[PDB]
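> Structure supplied as structure.cif; contents: mmCIF, C-alpha atoms.
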```cif
data_query
loop_
_atom_site.label_atom_id
_atom_site.label_comp_id
_atom_site.auth_asym_id
_atom_site.auth_seq_id
_atom_site.Cartn_x
_atom_site.Cartn_y
_atom_site.Cartn_z
CA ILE A 37 107.08 -130.34 34.39
CA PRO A 38 109.37 -127.34 35.20
CA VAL A 39 109.88 -124.70 32.41
CA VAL A 40 113.67 -124.04 32.61
CA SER A 41 113.56 -120.26 31.67
CA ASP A 42 111.60 -119.62 34.96
CA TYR A 43 114.73 -120.69 37.00
CA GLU A 44 117.44 -118.47 35.32
CA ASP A 45 117.43 -116.11 38.40
CA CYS A 46 117.86 -119.16 40.77
CA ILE A 47 121.12 -120.45 39.07
CA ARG A 48 124.49 -118.82 40.06
CA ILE A 49 128.06 -119.75 38.85
CA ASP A 50 130.91 -118.53 41.19
CA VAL A 51 134.48 -118.71 39.67
CA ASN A 52 137.23 -118.20 42.33
CA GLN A 53 140.19 -117.16 40.06
CA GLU A 54 142.69 -117.53 43.01
CA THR A 55 141.75 -121.22 43.83
CA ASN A 56 140.34 -122.38 40.38
CA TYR A 57 137.23 -123.83 42.20
CA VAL A 58 133.89 -123.07 40.37
CA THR A 59 130.82 -123.33 42.71
CA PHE A 60 127.48 -124.20 40.96
CA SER A 61 124.41 -123.28 43.15
CA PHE A 62 120.55 -123.42 42.92
CA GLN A 63 117.87 -122.02 45.33
CA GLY A 64 114.56 -124.02 45.29
CA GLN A 65 111.72 -125.70 47.27
CA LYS A 66 111.72 -129.06 49.20
CA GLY A 67 110.98 -131.14 46.03
CA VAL A 68 112.54 -129.10 43.13
CA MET A 69 116.25 -129.73 42.21
CA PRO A 70 118.79 -128.90 39.44
CA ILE A 71 120.63 -131.47 37.19
CA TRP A 72 124.22 -130.19 36.48
CA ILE A 73 125.34 -131.51 33.01
CA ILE A 74 129.00 -131.22 31.77
CA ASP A 75 130.21 -132.97 28.52
CA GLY A 76 126.66 -134.45 28.12
CA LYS A 77 126.84 -136.39 31.46
CA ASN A 78 124.89 -135.90 34.78
CA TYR A 79 127.54 -134.65 37.33
CA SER A 80 125.19 -133.85 40.32
CA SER A 81 121.45 -133.37 41.19
CA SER A 82 122.39 -131.58 44.51
CA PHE A 83 121.55 -127.86 45.21
CA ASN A 84 125.32 -127.00 44.92
CA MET A 85 128.64 -128.66 43.83
CA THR A 86 132.30 -127.40 43.65
CA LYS A 87 134.54 -128.47 40.67
CA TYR A 88 138.36 -127.94 40.32
CA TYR A 89 139.45 -126.60 36.85
CA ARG A 90 143.30 -127.08 36.75
CA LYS A 91 143.83 -125.58 33.21
CA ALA A 92 142.84 -122.03 32.05
CA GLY A 93 140.23 -121.51 29.25
CA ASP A 94 136.46 -121.28 28.42
CA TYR A 95 134.13 -123.97 29.96
CA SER A 96 130.32 -124.65 29.93
CA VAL A 97 127.62 -126.22 32.21
CA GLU A 98 124.01 -127.22 31.26
CA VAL A 99 121.29 -127.01 34.01
CA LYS A 100 117.90 -128.84 33.78
CA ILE A 101 115.21 -128.34 36.53
CA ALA A 102 113.42 -131.48 37.89
CA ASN A 103 110.39 -131.95 40.23
CA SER A 104 108.02 -134.94 40.98
CA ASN A 105 106.16 -134.29 37.64
CA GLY A 106 109.37 -134.61 35.50
CA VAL A 107 112.55 -132.97 34.04
CA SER A 108 112.57 -129.71 31.93
CA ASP A 109 112.58 -130.25 28.09
CA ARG A 110 115.29 -127.52 27.64
CA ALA A 111 118.55 -126.77 29.58
CA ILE A 112 120.08 -123.41 30.72
CA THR A 113 123.68 -123.20 29.31
CA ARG A 114 126.15 -120.98 31.31
CA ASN A 115 129.67 -120.01 30.01
CA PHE A 116 132.61 -119.19 32.40
CA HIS A 117 136.38 -118.44 31.95
CA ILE A 118 139.33 -119.73 34.10
CA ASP A 119 142.08 -117.01 34.11
CA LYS A 120 145.09 -119.08 35.39
CA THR A 121 146.59 -122.64 35.08
CA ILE A 122 147.58 -123.91 38.62
CA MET A 123 150.73 -126.09 38.01
CA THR A 124 151.75 -126.06 41.76
CA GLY A 125 148.48 -126.21 43.80
CA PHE A 126 147.81 -126.35 47.60
CA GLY A 127 149.09 -129.61 49.23
CA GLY A 128 146.32 -129.61 51.92
CA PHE A 129 146.44 -129.08 55.75
CA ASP A 130 148.60 -131.03 58.30
CA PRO A 131 147.28 -134.65 58.25
CA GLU A 132 149.21 -135.27 61.54
CA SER A 133 148.28 -132.14 63.62
CA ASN A 134 146.80 -131.39 67.12
CA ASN A 136 142.66 -132.75 62.59
CA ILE A 137 139.22 -133.80 64.06
CA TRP A 138 139.57 -136.97 61.84
CA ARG A 139 142.42 -138.47 63.99
CA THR A 140 140.35 -138.04 67.25
CA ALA A 141 136.85 -139.31 66.19
CA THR A 142 135.61 -142.93 65.61
CA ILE A 143 135.99 -143.60 61.80
CA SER A 144 133.67 -146.51 60.71
CA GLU A 145 134.71 -149.03 57.98
CA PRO A 146 133.76 -147.92 54.41
CA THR A 147 130.37 -149.18 53.05
CA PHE A 148 130.06 -149.47 49.20
CA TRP A 149 127.31 -149.21 46.51
CA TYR A 150 129.18 -150.44 43.35
CA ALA A 151 126.61 -150.62 40.48
CA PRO A 152 127.68 -150.53 36.79
CA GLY A 153 124.51 -149.76 34.72
CA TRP A 154 122.81 -149.02 38.13
CA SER A 155 122.89 -152.83 38.88
CA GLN A 156 124.70 -153.42 42.25
CA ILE A 157 127.58 -156.01 42.21
CA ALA A 158 129.81 -157.18 45.15
CA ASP A 159 131.66 -154.47 47.21
CA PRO A 160 135.18 -153.79 45.79
CA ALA A 161 138.29 -154.88 47.83
CA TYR A 162 139.77 -152.07 50.05
CA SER A 163 142.75 -151.68 52.50
CA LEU A 164 142.73 -148.97 55.27
CA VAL A 165 146.44 -148.96 56.41
CA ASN A 166 147.59 -146.03 58.67
CA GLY A 167 144.93 -143.53 57.38
CA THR A 168 145.51 -144.39 53.65
CA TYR A 169 142.31 -145.85 52.04
CA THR A 170 143.21 -148.09 49.00
CA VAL A 171 140.23 -149.17 46.75
CA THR A 172 140.30 -151.43 43.60
CA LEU A 173 137.54 -151.22 40.88
CA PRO A 174 137.50 -154.28 38.54
CA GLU A 175 134.29 -153.30 36.59
CA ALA A 176 133.91 -150.00 34.61
CA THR A 177 131.08 -147.51 35.53
CA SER A 178 129.76 -144.68 33.23
CA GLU A 179 127.73 -142.40 35.65
CA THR A 180 128.17 -140.53 39.01
CA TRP A 181 126.79 -142.46 42.09
CA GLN A 182 127.58 -145.91 40.49
CA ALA A 183 130.59 -146.50 42.88
CA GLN A 184 129.71 -144.89 46.29
CA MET A 185 131.99 -145.14 49.41
CA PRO A 186 130.20 -143.60 52.46
CA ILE A 187 132.41 -143.39 55.64
CA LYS A 188 130.27 -142.98 58.84
CA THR A 189 131.87 -140.88 61.69
CA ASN A 190 130.75 -139.75 65.22
CA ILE A 191 132.03 -136.16 64.45
CA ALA A 192 129.58 -133.38 65.55
CA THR A 193 129.85 -129.72 64.31
CA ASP A 194 128.38 -126.42 65.69
CA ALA A 195 126.94 -123.27 63.96
CA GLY A 196 129.34 -121.22 66.18
CA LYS A 197 132.60 -122.36 64.44
CA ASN A 198 134.08 -122.33 60.86
CA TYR A 199 135.91 -125.48 59.56
CA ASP A 200 138.71 -126.31 57.03
CA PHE A 201 138.95 -129.65 55.07
CA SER A 202 141.54 -131.34 52.74
CA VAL A 203 142.09 -134.83 51.15
CA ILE A 204 144.65 -136.25 48.59
CA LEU A 205 143.10 -138.44 45.80
CA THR A 206 145.14 -140.61 43.31
CA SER A 207 143.95 -142.91 40.43
CA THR A 208 146.09 -145.42 38.38
CA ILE A 209 143.90 -144.60 35.26
CA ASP A 210 142.41 -141.25 34.01
CA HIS A 211 139.10 -140.49 35.89
CA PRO A 212 136.70 -137.75 34.63
CA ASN A 213 134.77 -137.00 37.91
CA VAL A 214 135.52 -138.28 41.49
CA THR A 215 133.09 -136.83 44.15
CA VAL A 216 133.85 -135.87 47.82
CA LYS A 217 130.83 -134.94 50.06
CA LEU A 218 130.94 -134.00 53.81
CA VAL A 219 127.21 -134.55 54.67
CA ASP A 220 124.91 -134.85 57.76
CA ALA A 221 124.35 -138.64 58.34
CA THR A 222 120.63 -137.85 59.13
CA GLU A 223 119.91 -135.29 56.30
CA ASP A 224 121.35 -135.64 52.72
CA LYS A 225 120.44 -131.98 51.78
CA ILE A 226 122.67 -130.65 54.69
CA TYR A 227 126.40 -130.70 53.63
CA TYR A 228 129.52 -128.41 53.62
CA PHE A 229 130.42 -129.24 49.95
CA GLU A 230 129.86 -131.82 47.15
CA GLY A 231 133.34 -131.76 45.50
CA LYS A 232 134.15 -132.70 41.84
CA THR A 233 137.66 -133.19 40.28
CA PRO A 234 139.05 -135.06 37.23
CA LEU A 235 142.18 -137.24 37.95
CA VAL A 236 145.01 -137.95 35.40
CA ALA A 237 146.86 -141.32 35.88
CA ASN A 238 149.11 -141.38 39.04
CA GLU A 239 148.98 -137.56 39.71
CA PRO A 240 147.81 -136.78 43.30
CA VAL A 241 145.17 -133.94 43.38
CA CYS A 242 144.37 -132.22 46.75
CA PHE A 243 140.63 -131.36 47.22
CA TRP A 244 140.15 -128.66 49.94
CA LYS A 245 137.83 -125.82 51.15
CA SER A 246 138.76 -123.02 53.67
CA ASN A 247 136.60 -121.12 56.25
CA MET A 248 133.35 -123.18 55.78
CA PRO A 249 130.34 -121.77 57.73
CA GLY A 250 129.53 -124.28 60.56
CA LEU A 251 126.31 -126.40 60.68
CA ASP A 252 124.52 -128.02 63.70
CA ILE A 253 125.22 -131.72 62.74
CA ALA A 254 125.28 -134.56 65.37
CA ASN A 255 127.15 -137.04 63.04
CA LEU A 256 129.03 -136.39 59.71
CA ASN A 257 129.60 -138.93 56.86
CA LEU A 258 132.50 -138.51 54.34
CA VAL A 259 131.11 -139.91 51.01
CA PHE A 260 133.44 -140.60 48.01
CA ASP A 261 132.15 -141.71 44.55
CA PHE A 262 134.25 -143.15 41.63
CA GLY A 263 131.38 -143.17 39.07
CA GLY A 264 132.85 -143.02 35.52
CA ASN A 265 135.97 -145.11 36.48
CA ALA A 266 137.61 -147.19 33.66
CA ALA A 267 137.97 -151.00 34.25
CA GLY A 268 140.91 -151.95 36.56
CA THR A 269 141.08 -148.45 38.21
CA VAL A 270 142.85 -148.43 41.66
CA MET A 271 141.89 -145.42 43.89
CA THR A 272 144.10 -144.01 46.75
CA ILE A 273 142.57 -141.71 49.47
CA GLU A 274 145.11 -140.33 52.05
CA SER A 275 145.75 -137.24 54.30
CA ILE A 276 142.07 -136.58 55.36
CA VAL A 277 142.29 -133.31 57.45
CA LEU A 278 139.20 -131.69 59.14
CA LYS A 279 140.11 -128.77 61.51
CA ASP A 280 138.59 -125.55 63.03
CA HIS A 281 139.64 -122.40 61.03
#
```
As structure tokens, please, write out the structure in this file.


Amino acid sequence: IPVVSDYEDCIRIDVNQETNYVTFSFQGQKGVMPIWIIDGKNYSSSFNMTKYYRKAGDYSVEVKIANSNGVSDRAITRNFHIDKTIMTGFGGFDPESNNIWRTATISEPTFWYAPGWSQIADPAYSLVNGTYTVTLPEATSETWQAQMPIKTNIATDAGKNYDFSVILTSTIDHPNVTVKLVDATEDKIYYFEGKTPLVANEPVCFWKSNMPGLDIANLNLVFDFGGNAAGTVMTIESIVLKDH
């Protein structure tokens, strides 16, 4: 099993005080991975995630290291401070604009909806003029228990840098909704794995600017509503993907 102290040099926390986006990153081998823990819940097992902290103050993350042999007994705790409270945030890029999303073939959303990691029937959805509308009868308690992968035929090049935005709304308070722009072939290859809490009926814009390009033949846009309260209705609208 990994001894967690050995991986202190491999864990970096980047606080952008101008955007209020904290990037959590780990460098490791094809087999080793971190487990990012906030408020005693698994948030991500990916090599990096980006989380929006709206309010100013002191926050904490706990990092365990996992391989094939098991998870580390102890966790690395890392403290960070958010300077500002963003009342009026960025509203995203032009949804209607000359966006790569509008051009490309957007497949129907697949679902993996599994309270207690036991898959039930796909939740009812309604794609009407770009606006995705999803309804979650059953409550889930963990990330990746309400997945919504959207397959696309969008290719990207190493030569270019890309911008992305999306507006997310929830009828009930949600602790952690995920947005991941990932290679359809390779799960480890992605531009970001976003994280943001949602307060009832308050649209949050998730975005990233000037993202280093990757040689990907086909992208998938993967949402997750793991941790949703029972009767939660999700609203995804204004999905912009453009060259910087």

> Rounded to one decimal, what separation in Å do you get between atom CA of residue 245 of chain A and atom CA of residue 201 of chain A?

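Interatomic distance here is 5.6 Å.
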
> If the PyMOL selection byres ((chain A and resi 73) around 10) were run on this exact file, what residues would it hold? Put them as a short mmCIF file (atom, residue, chain, number, x, y, z; two decimals) with C-alpha atoms, keeping the file's coordinate frame.


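Dumped to selection09.cif:
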```
data_model
loop_
_atom_site.label_atom_id
_atom_site.label_comp_id
_atom_site.auth_asym_id
_atom_site.auth_seq_id
_atom_site.Cartn_x
_atom_site.Cartn_y
_atom_site.Cartn_z
CA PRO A 70 118.79 -128.90 39.44
CA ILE A 71 120.63 -131.47 37.19
CA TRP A 72 124.22 -130.19 36.48
CA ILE A 74 129.00 -131.22 31.77
CA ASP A 75 130.21 -132.97 28.52
CA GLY A 76 126.66 -134.45 28.12
CA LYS A 77 126.84 -136.39 31.46
CA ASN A 78 124.89 -135.90 34.78
CA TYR A 79 127.54 -134.65 37.33
CA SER A 80 125.19 -133.85 40.32
CA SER A 81 121.45 -133.37 41.19
CA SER A 96 130.32 -124.65 29.93
CA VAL A 97 127.62 -126.22 32.21
CA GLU A 98 124.01 -127.22 31.26
CA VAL A 99 121.29 -127.01 34.01
CA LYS A 100 117.90 -128.84 33.78
CA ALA A 111 118.55 -126.77 29.58
CA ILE A 112 120.08 -123.41 30.72
CA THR A 113 123.68 -123.20 29.31
#
```

> Choose the residue, out of A:180, A:257, A:265, A:52, that has the smallest atom-to-atom separation from residue 82 of chain A; count all atoms listed in the file.

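Closest to residue 82 of chain A, using all atoms listed in the file: A:180.
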
> Hey, what comes out of the PyMOL selection byres ((chain A and resi 205-220) around 8) on this file? Could you write it as a short mmCIF file (atom, residue, chain, number, x, y, z; two decimals) with C-alpha atoms, in the frame of the given file?


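Generated output (result.cif):
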```cif
data_model
loop_
_atom_site.label_atom_id
_atom_site.label_comp_id
_atom_site.auth_asym_id
_atom_site.auth_seq_id
_atom_site.Cartn_x
_atom_site.Cartn_y
_atom_site.Cartn_z
CA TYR A 79 127.54 -134.65 37.33
CA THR A 180 128.17 -140.53 39.01
CA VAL A 203 142.09 -134.83 51.15
CA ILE A 204 144.65 -136.25 48.59
CA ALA A 221 124.35 -138.64 58.34
CA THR A 222 120.63 -137.85 59.13
CA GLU A 223 119.91 -135.29 56.30
CA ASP A 224 121.35 -135.64 52.72
CA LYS A 225 120.44 -131.98 51.78
CA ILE A 226 122.67 -130.65 54.69
CA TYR A 227 126.40 -130.70 53.63
CA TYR A 228 129.52 -128.41 53.62
CA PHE A 229 130.42 -129.24 49.95
CA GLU A 230 129.86 -131.82 47.15
CA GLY A 231 133.34 -131.76 45.50
CA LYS A 232 134.15 -132.70 41.84
CA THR A 233 137.66 -133.19 40.28
CA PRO A 234 139.05 -135.06 37.23
CA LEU A 235 142.18 -137.24 37.95
CA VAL A 236 145.01 -137.95 35.40
CA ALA A 237 146.86 -141.32 35.88
CA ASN A 238 149.11 -141.38 39.04
CA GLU A 239 148.98 -137.56 39.71
CA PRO A 240 147.81 -136.78 43.30
CA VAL A 241 145.17 -133.94 43.38
CA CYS A 242 144.37 -132.22 46.75
CA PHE A 243 140.63 -131.36 47.22
CA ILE A 253 125.22 -131.72 62.74
CA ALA A 254 125.28 -134.56 65.37
CA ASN A 255 127.15 -137.04 63.04
CA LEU A 256 129.03 -136.39 59.71
CA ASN A 257 129.60 -138.93 56.86
CA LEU A 258 132.50 -138.51 54.34
CA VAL A 259 131.11 -139.91 51.01
CA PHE A 260 133.44 -140.60 48.01
CA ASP A 261 132.15 -141.71 44.55
CA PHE A 262 134.25 -143.15 41.63
CA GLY A 263 131.38 -143.17 39.07
CA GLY A 264 132.85 -143.02 35.52
CA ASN A 265 135.97 -145.11 36.48
CA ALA A 266 137.61 -147.19 33.66
CA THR A 269 141.08 -148.45 38.21
CA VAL A 270 142.85 -148.43 41.66
CA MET A 271 141.89 -145.42 43.89
CA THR A 272 144.10 -144.01 46.75
CA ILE A 273 142.57 -141.71 49.47
CA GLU A 274 145.11 -140.33 52.05
#
```

> Expand the PyMOL selection byres ((chain A and resi 117-131) around 12) into the explicit residue set it covers here, and present it as number ranges by chain.

A: 49-58, 87-97, 114-116, 132-134, 136-140, 166-168, 199-205, 239-246, 274-281

> Per residue of segment 50-162 of chain A within 10 Å of segment 186-190 of chain A, record the nearest atom pair and its distance in Å to one decimal, counting all atoms listed in the file, with rows in chain order and ascending residue number, as CSV.


```
residue,atom,partner,partner_atom,distance
A:138,CA,A:189,CA,8.6
A:140,CA,A:190,CA,10.0
A:141,CA,A:190,CA,6.2
A:142,CA,A:189,CA,5.8
A:143,CA,A:189,CA,4.9
A:144,CA,A:188,CA,5.2
A:145,CA,A:187,CA,6.5
A:146,CA,A:187,CA,4.9
A:147,CA,A:186,CA,5.6
A:148,CA,A:186,CA,6.7
A:149,CA,A:186,CA,8.7
```

> Write out as a PDB file with C-alpha atoms, in the coordinates of the input each polymer residue whose atoms come within 8 Å of residue 174 of chain A, counting all atoms listed in the file; drop sequence neighbours fewer than 4 positions from it.


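Printed below is out34.pdb as written:
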```pdb
ATOM      1  CA  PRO A 160     135.180-153.790  45.790  1.00  0.00           C
ATOM      2  CA  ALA A 267     137.970-151.000  34.250  1.00  0.00           C
ATOM      3  CA  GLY A 268     140.910-151.950  36.560  1.00  0.00           C
ATOM      4  CA  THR A 269     141.080-148.450  38.210  1.00  0.00           C
TER       5      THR A 269
END
```

> Per residue of segment 56-161 of chain A within 7 Å of segment 37-44 of chain A, which atom pair is closest and at what distance in Å (one decimal), using all atoms listed in the file, listed by chain and increasing number, as JSON lines?


```
{"residue": "A:100", "atom": "CA", "partner": "A:40", "partner_atom": "CA", "distance": 6.5}
{"residue": "A:101", "atom": "CA", "partner": "A:40", "partner_atom": "CA", "distance": 6.0}
{"residue": "A:102", "atom": "CA", "partner": "A:38", "partner_atom": "CA", "distance": 6.4}
{"residue": "A:103", "atom": "CA", "partner": "A:38", "partner_atom": "CA", "distance": 6.9}
{"residue": "A:105", "atom": "CA", "partner": "A:37", "partner_atom": "CA", "distance": 5.2}
{"residue": "A:106", "atom": "CA", "partner": "A:37", "partner_atom": "CA", "distance": 5.0}
{"residue": "A:107", "atom": "CA", "partner": "A:37", "partner_atom": "CA", "distance": 6.1}
{"residue": "A:108", "atom": "CA", "partner": "A:38", "partner_atom": "CA", "distance": 5.2}
{"residue": "A:110", "atom": "CA", "partner": "A:40", "partner_atom": "CA", "distance": 6.3}
{"residue": "A:111", "atom": "CA", "partner": "A:40", "partner_atom": "CA", "distance": 6.4}
{"residue": "A:112", "atom": "CA", "partner": "A:40", "partner_atom": "CA", "distance": 6.7}
```

> Save the residues we just selected, C-alpha atoms, as a short mmCIF file (atom, residue, chain, number, x, y, z; two decimals), keeping the file's coordinate frame?


```cif
data_model
loop_
_atom_site.label_atom_id
_atom_site.label_comp_id
_atom_site.auth_asym_id
_atom_site.auth_seq_id
_atom_site.Cartn_x
_atom_site.Cartn_y
_atom_site.Cartn_z
CA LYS A 100 117.90 -128.84 33.78
CA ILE A 101 115.21 -128.34 36.53
CA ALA A 102 113.42 -131.48 37.89
CA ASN A 103 110.39 -131.95 40.23
CA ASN A 105 106.16 -134.29 37.64
CA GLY A 106 109.37 -134.61 35.50
CA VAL A 107 112.55 -132.97 34.04
CA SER A 108 112.57 -129.71 31.93
CA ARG A 110 115.29 -127.52 27.64
CA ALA A 111 118.55 -126.77 29.58
CA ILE A 112 120.08 -123.41 30.72
#
```

> Taking 5 positions as the minimum chain separation for residues in the same chain, which residues sit within 8 Å of residue 46 of chain A when counting only C-alpha atoms? Answer as a short mmCIF file (atom, residue, chain, number, x, y, z; two decimals) with C-alpha atoms, in the coordinates of the input.


```
data_model
loop_
_atom_site.label_atom_id
_atom_site.label_comp_id
_atom_site.auth_asym_id
_atom_site.auth_seq_id
_atom_site.Cartn_x
_atom_site.Cartn_y
_atom_site.Cartn_z
CA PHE A 62 120.55 -123.42 42.92
CA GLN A 63 117.87 -122.02 45.33
CA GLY A 64 114.56 -124.02 45.29
#
```

> Do you have the atom CA of residue 155 of chain A-atom CA of residue 60 of chain A distance handy?

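A separation of 29.1 Å between them.
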
> Could you state the separation of atom CA of residue 159 of chain A and atom CA of residue 179 of chain A in Å, given to one decimal place?

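If I compute the distance from atom CA of residue 159 of chain A to atom CA of residue 179 of chain A, I get 17.2 Å.
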
> Tell me which of A:84, A:169, A:183, A:163 sits closest to residue 150 of chain A, counting all atoms listed in the file.

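For residue 150 of chain A, the nearest of the candidates is A:183.
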
> How would segment 220-241 of chain A of the given structure read as a file with N, CA, C and O atoms, as a PDB file, in the first residue's frame?


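Result written to selection.pdb:
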```
ATOM      1  N   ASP A 220     -11.239  12.975 -23.614  1.00  0.00           N
ATOM      2  CA  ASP A 220     -11.039  12.123 -24.817  1.00  0.00           C
ATOM      3  C   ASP A 220     -11.942  10.890 -24.679  1.00  0.00           C
ATOM      4  O   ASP A 220     -11.862  10.214 -23.635  1.00  0.00           O
ATOM      5  N   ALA A 221     -12.768  10.616 -25.695  1.00  0.00           N
ATOM      6  CA  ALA A 221     -13.736   9.493 -25.735  1.00  0.00           C
ATOM      7  C   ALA A 221     -12.996   8.150 -25.665  1.00  0.00           C
ATOM      8  O   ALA A 221     -13.595   7.173 -25.172  1.00  0.00           O
ATOM      9  N   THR A 222     -11.749   8.108 -26.145  1.00  0.00           N
ATOM     10  CA  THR A 222     -10.880   6.900 -26.191  1.00  0.00           C
ATOM     11  C   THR A 222     -10.154   6.718 -24.852  1.00  0.00           C
ATOM     12  O   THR A 222     -10.105   5.568 -24.371  1.00  0.00           O
ATOM     13  N   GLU A 223      -9.609   7.800 -24.282  1.00  0.00           N
ATOM     14  CA  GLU A 223      -8.726   7.767 -23.083  1.00  0.00           C
ATOM     15  C   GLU A 223      -9.309   8.654 -21.976  1.00  0.00           C
ATOM     16  O   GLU A 223      -9.450   9.869 -22.204  1.00  0.00           O
ATOM     17  N   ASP A 224      -9.593   8.063 -20.810  1.00  0.00           N
ATOM     18  CA  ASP A 224     -10.250   8.732 -19.652  1.00  0.00           C
ATOM     19  C   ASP A 224      -9.252   9.671 -18.959  1.00  0.00           C
ATOM     20  O   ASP A 224      -9.699  10.698 -18.407  1.00  0.00           O
ATOM     21  N   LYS A 225      -7.958   9.334 -18.987  1.00  0.00           N
ATOM     22  CA  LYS A 225      -6.868  10.083 -18.300  1.00  0.00           C
ATOM     23  C   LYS A 225      -6.568  11.394 -19.040  1.00  0.00           C
ATOM     24  O   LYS A 225      -5.999  12.304 -18.404  1.00  0.00           O
ATOM     25  N   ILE A 226      -6.922  11.483 -20.329  1.00  0.00           N
ATOM     26  CA  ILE A 226      -6.706  12.681 -21.197  1.00  0.00           C
ATOM     27  C   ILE A 226      -7.967  13.554 -21.157  1.00  0.00           C
ATOM     28  O   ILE A 226      -8.990  13.131 -21.725  1.00  0.00           O
ATOM     29  N   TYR A 227      -7.884  14.730 -20.526  1.00  0.00           N
ATOM     30  CA  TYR A 227      -9.000  15.705 -20.400  1.00  0.00           C
ATOM     31  C   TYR A 227      -8.446  17.113 -20.154  1.00  0.00           C
ATOM     32  O   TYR A 227      -7.304  17.245 -19.672  1.00  0.00           O
ATOM     33  N   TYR A 228      -9.248  18.132 -20.483  1.00  0.00           N
ATOM     34  CA  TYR A 228      -8.908  19.574 -20.360  1.00  0.00           C
ATOM     35  C   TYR A 228      -9.130  20.038 -18.916  1.00  0.00           C
ATOM     36  O   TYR A 228      -8.346  20.871 -18.422  1.00  0.00           O
ATOM     37  N   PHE A 229     -10.172  19.514 -18.264  1.00  0.00           N
ATOM     38  CA  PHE A 229     -10.537  19.820 -16.857  1.00  0.00           C
ATOM     39  C   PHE A 229     -11.537  18.779 -16.343  1.00  0.00           C
ATOM     40  O   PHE A 229     -12.256  18.177 -17.164  1.00  0.00           O
ATOM     41  N   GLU A 230     -11.564  18.579 -15.023  1.00  0.00           N
ATOM     42  CA  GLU A 230     -12.655  17.879 -14.297  1.00  0.00           C
ATOM     43  C   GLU A 230     -13.217  18.855 -13.257  1.00  0.00           C
ATOM     44  O   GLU A 230     -12.714  18.871 -12.117  1.00  0.00           O
ATOM     45  N   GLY A 231     -14.214  19.646 -13.662  1.00  0.00           N
ATOM     46  CA  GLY A 231     -14.784  20.758 -12.879  1.00  0.00           C
ATOM     47  C   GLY A 231     -15.568  20.271 -11.674  1.00  0.00           C
ATOM     48  O   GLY A 231     -16.095  19.148 -11.729  1.00  0.00           O
ATOM     49  N   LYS A 232     -15.626  21.091 -10.622  1.00  0.00           N
ATOM     50  CA  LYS A 232     -16.436  20.866  -9.395  1.00  0.00           C
ATOM     51  C   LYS A 232     -17.033  22.212  -8.968  1.00  0.00           C
ATOM     52  O   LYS A 232     -16.299  23.217  -9.016  1.00  0.00           O
ATOM     53  N   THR A 233     -18.315  22.236  -8.589  1.00  0.00           N
ATOM     54  CA  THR A 233     -19.022  23.459  -8.120  1.00  0.00           C
ATOM     55  C   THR A 233     -20.253  23.066  -7.307  1.00  0.00           C
ATOM     56  O   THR A 233     -21.059  22.252  -7.754  1.00  0.00           O
ATOM     57  N   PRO A 234     -20.425  23.611  -6.079  1.00  0.00           N
ATOM     58  CA  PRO A 234     -21.701  23.518  -5.371  1.00  0.00           C
ATOM     59  C   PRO A 234     -22.739  24.438  -6.030  1.00  0.00           C
ATOM     60  O   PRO A 234     -22.351  25.462  -6.567  1.00  0.00           O
ATOM     61  N   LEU A 235     -24.017  24.051  -5.977  1.00  0.00           N
ATOM     62  CA  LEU A 235     -25.163  24.839  -6.508  1.00  0.00           C
ATOM     63  C   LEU A 235     -26.176  25.074  -5.384  1.00  0.00           C
ATOM     64  O   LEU A 235     -26.594  24.083  -4.758  1.00  0.00           O
ATOM     65  N   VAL A 236     -26.540  26.339  -5.142  1.00  0.00           N
ATOM     66  CA  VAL A 236     -27.657  26.740  -4.233  1.00  0.00           C
ATOM     67  C   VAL A 236     -28.934  26.843  -5.078  1.00  0.00           C
ATOM     68  O   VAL A 236     -28.826  27.222  -6.263  1.00  0.00           O
ATOM     69  N   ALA A 237     -30.086  26.513  -4.485  1.00  0.00           N
ATOM     70  CA  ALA A 237     -31.393  26.330  -5.163  1.00  0.00           C
ATOM     71  C   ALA A 237     -31.693  27.505  -6.103  1.00  0.00           C
ATOM     72  O   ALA A 237     -31.765  28.652  -5.616  1.00  0.00           O
ATOM     73  N   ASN A 238     -31.856  27.214  -7.400  1.00  0.00           N
ATOM     74  CA  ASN A 238     -32.345  28.149  -8.451  1.00  0.00           C
ATOM     75  C   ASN A 238     -31.434  29.383  -8.529  1.00  0.00           C
ATOM     76  O   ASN A 238     -31.969  30.508  -8.598  1.00  0.00           O
ATOM     77  N   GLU A 239     -30.113  29.175  -8.524  1.00  0.00           N
ATOM     78  CA  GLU A 239     -29.088  30.235  -8.732  1.00  0.00           C
ATOM     79  C   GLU A 239     -28.089  29.756  -9.783  1.00  0.00           C
ATOM     80  O   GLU A 239     -27.159  29.018  -9.464  1.00  0.00           O
ATOM     81  N   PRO A 240     -28.265  30.149 -11.067  1.00  0.00           N
ATOM     82  CA  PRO A 240     -27.359  29.733 -12.141  1.00  0.00           C
ATOM     83  C   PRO A 240     -25.886  30.087 -11.882  1.00  0.00           C
ATOM     84  O   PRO A 240     -25.577  31.259 -11.754  1.00  0.00           O
ATOM     85  N   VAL A 241     -25.027  29.064 -11.800  1.00  0.00           N
ATOM     86  CA  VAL A 241     -23.539  29.196 -11.760  1.00  0.00           C
ATOM     87  C   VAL A 241     -23.005  28.925 -13.170  1.00  0.00           C
ATOM     88  O   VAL A 241     -23.494  27.977 -13.815  1.00  0.00           O
TER      89      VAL A 241
END
```
